[PDB]
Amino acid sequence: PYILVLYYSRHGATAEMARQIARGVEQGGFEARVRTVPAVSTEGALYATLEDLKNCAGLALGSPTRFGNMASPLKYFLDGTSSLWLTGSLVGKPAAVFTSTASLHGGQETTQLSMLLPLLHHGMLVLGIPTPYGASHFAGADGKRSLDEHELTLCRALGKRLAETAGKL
């Protein structure tokens, strides 16, 4: 009976968003299981496992926007979920996304969008904020800037909405 809040964070912006979403989830009648993934190479929160994904009632996926796509260490953990898609899990379970960007120009909607693609592959029901595809944060080219009362509200709103939908389902 938990929503998995699964994310990756480089300079900790996506990490705080994760926590707030978790609060939302709790407010929504569910236990938040907040997890991350390890760095990758060719040469914090606890690390997520396949079984974490297999057993969640629903999922919130987070990454910093990295050139319009999700961060590779997260992509790496998902690339290792064939089994779960093949036996058709995550199917039926609700999901949402969230992102952080260190950039004025843009790139969050599209990244949120690119992260809903796989969830729709795993056959999940995707929901947003009524950005509209998911919770977003501007971090400022310092990576420094902190959430606002507004961004905090949106994170919990989404977390709460995700949990309530898993409930209603």
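The first residue of the sequence shown is number 1, and the count goes up from there.
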Q) When you step from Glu43 to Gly44 in this entry, do you jump over none, 1 to 3, 4 to 9, or 10 or more residues of the deposited sequence that have no coordinates? A) 10 or more
Q. With respect to the recorded C-alpha B factors, which stretch has the higher mean value, 142-150 or 12-20?
A. 142-150
Q: State the tercile, meaning the lowest, middle or highest third, of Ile129 with respect to the CA B-factors recorded for its chain.
A: middle
Q. Would the CA B-factor of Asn55 place it in the lowest, middle or highest third of its chain?
A. middle
**Q.** Relative C-alpha B-factor of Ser63, binned into the chain's lowest, middle or highest third
**A.** lowest
(Q) Ranking every modelled residue in this chain by its Cα temperature factor as given in the entry, which third contains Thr111? (A) lowest
**Q.** CA B-factor ranking of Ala135, expressed as a third of its chain
**A.** middle
